[PDB]
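Okay, here we've got a single chain as structure tokens, the form deposited without the RNA, with questions on binding and movement later.
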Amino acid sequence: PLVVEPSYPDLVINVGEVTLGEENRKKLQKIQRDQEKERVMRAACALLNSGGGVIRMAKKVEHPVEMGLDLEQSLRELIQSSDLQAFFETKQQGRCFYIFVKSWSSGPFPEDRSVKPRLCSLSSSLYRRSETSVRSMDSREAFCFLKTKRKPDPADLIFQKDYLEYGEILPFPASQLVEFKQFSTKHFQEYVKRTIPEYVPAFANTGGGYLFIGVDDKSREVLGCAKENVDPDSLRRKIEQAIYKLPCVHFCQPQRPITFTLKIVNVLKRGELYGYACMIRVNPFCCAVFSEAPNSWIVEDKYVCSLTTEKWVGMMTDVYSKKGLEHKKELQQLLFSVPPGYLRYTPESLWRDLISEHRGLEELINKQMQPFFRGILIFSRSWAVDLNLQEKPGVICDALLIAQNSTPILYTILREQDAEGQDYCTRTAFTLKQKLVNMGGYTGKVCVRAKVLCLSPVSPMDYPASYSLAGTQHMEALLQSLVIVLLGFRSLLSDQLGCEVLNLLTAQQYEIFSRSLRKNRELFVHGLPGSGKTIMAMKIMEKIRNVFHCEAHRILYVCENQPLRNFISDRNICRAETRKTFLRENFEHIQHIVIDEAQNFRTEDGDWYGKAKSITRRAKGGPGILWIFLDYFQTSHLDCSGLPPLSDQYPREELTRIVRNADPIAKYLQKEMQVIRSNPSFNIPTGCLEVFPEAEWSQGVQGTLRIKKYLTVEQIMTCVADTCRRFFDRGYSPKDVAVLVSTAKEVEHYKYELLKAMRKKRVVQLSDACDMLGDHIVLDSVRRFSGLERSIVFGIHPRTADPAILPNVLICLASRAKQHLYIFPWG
């Protein structure tokens, strides 16, 4: 049988010795030629249905030879096209002949999912009647026939007649519903065994028909067989067994077997019995009937196996990221933008830490990359872990080189030479190559070379020139399929791609939301937690400045918390001030006012709502823009916020899509929002909390949410330090971690405890919530962290003075984490 060779970064199938050349193949016996051709097509079909590979055959001659007319025609039938170069390319070195097979269908959601079949097969074993002949359906015809089946006569008069005279002339000829089969007495029982699978499936697949046994094809005469040889009882059961043996695949309820009518009649010659004749009426079948199992092959594990009949049908008719597939062009342009003229190392943060940690790594990488003048080099601490494989101790880093005029190469750097070094790099290159095809949906020709380098001071195949990345279009298309592959795993670039999907999802909701600037002057935006309410507020001011043609300092941003005010002031898009400064300082020069987290405002310091209305109403261009952003789920106090009653909060805009948190984070928010609705606060208006998110909305970005309880303060602090070190070891930046506590009075106590456990991790410096641009871990209270967002958030002991607000601190906490969240509740 055919087995896959495991010492290569591809699917290599060795078929043994194959005679090549039409002159050499003609001299062979038909049986041997058929066996060799069948083995070659088995390998080719397996590689077409398994994502591509190489077919290795050893030829009996030294000089170059052609593959052969029969093999070429069989491959053409396999791919149903004369474009034989687009899938198969041949090379030969010495006594070995190679055929490099491309993948037929690439990706789980191909662009031609509803057009071309998923499987290539030698024969589908689906016969249907075509006028006076029985023909087999190829892959496209079988696909169309199964699609059709998936959705929800003069011959009768002879059939009812009970006896037939010898030599009777049948008026009707052979046609779509009538077949005349000559019945021979020498192999009469063998003849019945073989003719049933050929014609019964043909009629049942197309409207049914009649099958006459014992009637000459040309002369249409009734002859039958010898009455001595034929046993009508023994003959009847064999036909019944043969018809019931045919495999049938049902797409409907019920699933009754094949319905047919068998009639055995006496043949009379000169008024004397001469023999028996067989009439078969096959009723049309509600589904497909197979003459035998389909001849389609696929590679599972290290073996080549044939697909079962029910498994073949399922593939013909029928973590994956939906968001990554549609945004793959913009995601690639952000992270993996190919640079013209020089070779770029990504990530730059991880590359810098690698060269400083290991001496000589910078010079080793540069010496190997001299021949390459353009491309991108993607670094990682272990590319096997990024592909859910096992890490090999002693590997410094893995690099995937995607350069022009060169096939992709996966470099593995070892700090000392190891016997398993080449085996580890080969398995990761082979795994990455298969994912780029079967998961990233790459429709081109791709091969990943496995190269091993050592820091301290089997042969690869020579792929055809069409496997090399010729220009920008091929490298860009290959990188876009790597984005889909990366988004399905957990790694450094999986999260950096996951972060950019959230920014693309938020920009989609903003475009719908940004249309309200021309229609409204005073607007009350009721956003939901994690819906990007703060992000739109920043985006509108960029649009307000352009639309109204006012300078930046005319727009005023008012918030409740000091740390968020600093964030807005850093971007220089407006003047950002706290509520207290808004009431105290005079703002007669302000034209437009944007208010954020209005539910957290307080009225004891003054009447902020009236003053904001007065300033905007008295603008030069009539009424100015006064957009009030608020979310009643994140109310931080039980006092009166000074807002008008819910009836007067019009016109109103609603943000219901959660577009700033990962999938497990979003599910946590929606589950927690249900608890808030069941126990509304007394100060909160009754009808405001009746807001529901989108019925079926998924961010398509995977994250992490772990709850660890019954841990002491010392025990919690080590877990935070260990998790941060694990993230920083993989290459994350320290500016992606935020630690949030219940109250601002406990910030100083937890800060000393955090440094005590984190001093062992080579970082002893933290930043406050007031400084977000610093490359330090932010440790501050949840309430003072409102309006900000971080990639990794650790919540330590969520607590508040009033148990009524206790359900509200969690939702104000989980909404601050974009991808990773770790909560350590009270014991």
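In case it trips you up, residue 1 is the first one in the sequence shown, and so on.
Enquirer: Per the entry, how many residues of the deposited chain go unmodelled between residue 152 and residue 153: none, 1 to 3, 4 to 9, or 10 or more?
Expert: The entry has 10 or more unmodelled residues between residue 152 and residue 153.
Enquirer: Between residue 457 and residue 458, how many deposited residues lack coordinates (none, 1 to 3, 4 to 9, 10 or more)?
Expert: Missing residues, residue 457 to residue 458: 10 or more.
The following text describes the form deposited with the RNA bound, which does not appear among the structures shown.
Enquirer: Check, residue by residue, if 329, 706 and 733 all come within 4.5 Å of the RNA in the entry with it bound, counting heavy atoms only.
Expert: Answer is no for this spot.
Enquirer: Among the candidate stretches 183-191, 111-119, 273-281, 89-97, which one is within 4.5 Å of the RNA in the entry with it bound when only heavy atoms are counted?
Expert: Single hit among the candidates: 183-191.
Enquirer: Report whether the minimum heavy atom distance between residue 589 and the RNA in the entry with it bound is within 4.5 Å.
Expert: No, residue 589 sits far enough from the RNA in the entry with it bound that none of its heavy atoms falls within 4.5 Å.
Enquirer: Check whether residue 773 has any heavy atom within 4.5 Å of a heavy atom of the RNA in the entry with it bound, and answer yes or no.
Expert: No, residue 773 sits far enough from the RNA in the entry with it bound that none of its heavy atoms falls within 4.5 Å.
Enquirer: Taking heavy atoms only, is residue 218 within 4.5 angstroms of the RNA in the entry with it bound?
Expert: Because a heavy atom of residue 218 falls inside 4.5 Å of the RNA in the entry with it bound, the answer is yes.
Enquirer: Does residue 37 reach the RNA in the entry with it bound if we count a contact as any heavy atom within 4.5 Å?
Expert: Yes, residue 37 is a contact residue.
Enquirer: Answer with one of 495, 398, 179, 631: the residue that has a non-hydrogen atom within 4.5 Å of the RNA in the entry with it bound.
Expert: Selected option: 179.
Enquirer: Only one of 166, 608, 199, 143 comes within 4.5 Å of the RNA in the entry with it bound by heavy atoms, so just point that one out.
Expert: The residue from 166, 608, 199, 143 that makes the contact is 199.
Enquirer: In the entry with it bound, which residues of 454-489 put a heavy atom within 4.5 Å of the RNA?
Expert: Contacting residues: none.
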